[PDB]
Structure formats: C-alpha cells, structure tokens
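Peer 1: Quick one: structure below, then a few questions.
No lab work stands behind these numbers, since they all come straight from the coordinates. Note that we place each Cβ from the backbone using ideal geometry, even for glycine, and neighbour counts take in every protein chain shown.
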Amino acid sequence: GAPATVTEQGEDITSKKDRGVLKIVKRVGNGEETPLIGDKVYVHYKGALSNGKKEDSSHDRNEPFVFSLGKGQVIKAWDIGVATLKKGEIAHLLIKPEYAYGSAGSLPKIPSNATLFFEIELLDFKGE
Ligand SMILES: COc1ccc(CC[C@@H](OC(=O)[C@@H]2CCCCN2C(=O)[C@H](c2cc(OC)c(OC)c(OC)c2)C2CCCCC2)c2cccc(OCC(=O)O)c2)cc1OC
C-alpha cells in the first residue's frame, strides 16, 4: 500500500540523508512558494502508526490544523516535511522514530521506536 510505495520510491528529505523522512508527492500543488520558518501553516492530514490499525485525522476536527513552521510545535518530521510542500499539495510521509517520538514514544498512544505514516494536504500558509 501507500507506506510500501514511500519506502521504495520516496525521496529522502532529511539533511543527514538517513531516510528518516521519506516523501512522495501524491497531488501537485500550485505556485513555487513553500513555507518559511515562522510562517503559519494550515493543513489537513491523516496519520497512522506503521504497525497498527489506529488512525488520527484532522477531518474529525472538521477544521484545519494550524501551526507555526519550524517553531517545534510539531514533531521534527513535520517541520522538515511540511516545509517542502506547495499550497494545494498532498504528500505521503513515512517517518522513522528519530524524527517523531523516538525511543520514549508517547505512551500509551505511541509505542517506543514507532514508525509513522501521514497523508498531508497543505491548505495555505501565511507570513508571521
Ligand atoms: C517539538 O516536539 C513535539 C511537539 C508537539 C508534540 C505533541 C504532539 C503533536 O503531534 C505531532 O506533531 C504529529 C504531527 C501533527 C499531527 C499530529 N501528530 C501525531 O503524531 C498524532 C497525534 C499525536 C498526539 O499526541 C502524541 C496527539 O495529541 C493527543 C494528537 O492529537 C490530534 C495527534 C499521532 C496520533 C496517532 C497516530 C500517529 C499520529 C501535536 C498534536 C496535536 C497538535 C499539534 O500541533 C498543533 C496544535 O497544537 O494545535 C501537535 C510532540 C513533540 O515531540 C514528540
């Protein structure tokens, strides 16, 4: 499925090139701009543990999820990954624990050393 495609075909968007965050663009967005650190970003998403049937989704807020990019308001992989998206883009991200919750996890919801998968839509972003 979608995680396997990211493993085989996903681009490594980490600075260290350690495959900690792999990306596939699933729908191309508009324009050339991608958000800067400090910008307020608005997304829809769904997220899964790799090994589990439990899903989280912004569609249940029925509302955009909002955060300021590069301000440690989300896991590292999202500061890295969302920064690469254009407005209207939908991407898949496969995320190793070092760029999420690490060996600690976030118990009981997130286990130790969990890989995560997300589908993310960048709705909009605005300068601070
Ligand atoms: C800088 O590092 C951190 C910053 C923030 C956190 C908290 C979890 C942080 O979660 C995350 O960063 C990632 C990426 C964004 C979407 C949520 N997310 C998650 O892992 C999800 C998540 C994790 C959560 O807590 C761990 C959630 O809160 C209970 C949560 O609620 C909607 C959702 C996982 C859920 C299970 C399946 C795998 C996904 C979070 C959760 C909810 C809203 C957030 O920002 C917007 C807002 O506050 O309105 C930020 C952990 C961090 O490190 C582990």
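Peer 1: Any residue in segment 48-63 that is within 16 Å of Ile110 (Cβ to Cβ) sitting within a Cβ distance under 6 Å of a residue that is aliphatic (A, V, I, L, M)? List the pairs, counting only those 6 or more apart or interchain.
Peer 2: Final answer for the pair search is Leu49/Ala114; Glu55/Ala48.
Peer 1: From the list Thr34, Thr5, which one is among the β-branched types (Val, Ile, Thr) and surrounded by fewer than 15 Cβ atoms within 10 Å (Cβ to Cβ)?
Peer 2: Just one listed residue meets the conditions, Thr5.
Peer 1: Looking at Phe67, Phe118, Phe125, which is the one that is under 13 Å from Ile37 (Cα atoms), within 13 Å of the ligand (Cβ to nearest atom), in contact with a strand residue (DSSP E or B) (Cβ under 8 Å, 6 or more places away or on another chain) and in contact (Cβ under 8 Å) with a residue 12 or more places away in the chain?
Peer 2: Exactly one of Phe67, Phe118, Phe125 is under 13 Å from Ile37 (Cα atoms), within 13 Å of the ligand (Cβ to nearest atom), in contact with a strand residue (DSSP E or B) (Cβ under 8 Å, 6 or more places away or on another chain) and in contact (Cβ under 8 Å) with a residue 12 or more places away in the chain, namely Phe67.
Peer 1: Could you tell me which residue of segment 21-34 is farthest from the ligand (Cβ to nearest atom), considering only residues that are among the charged types (D, E, K, R) and assigned to a loop (DSSP other than H, G, I, E, B)?
Peer 2: Looking at the filtered set, the residue picked out is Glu32.
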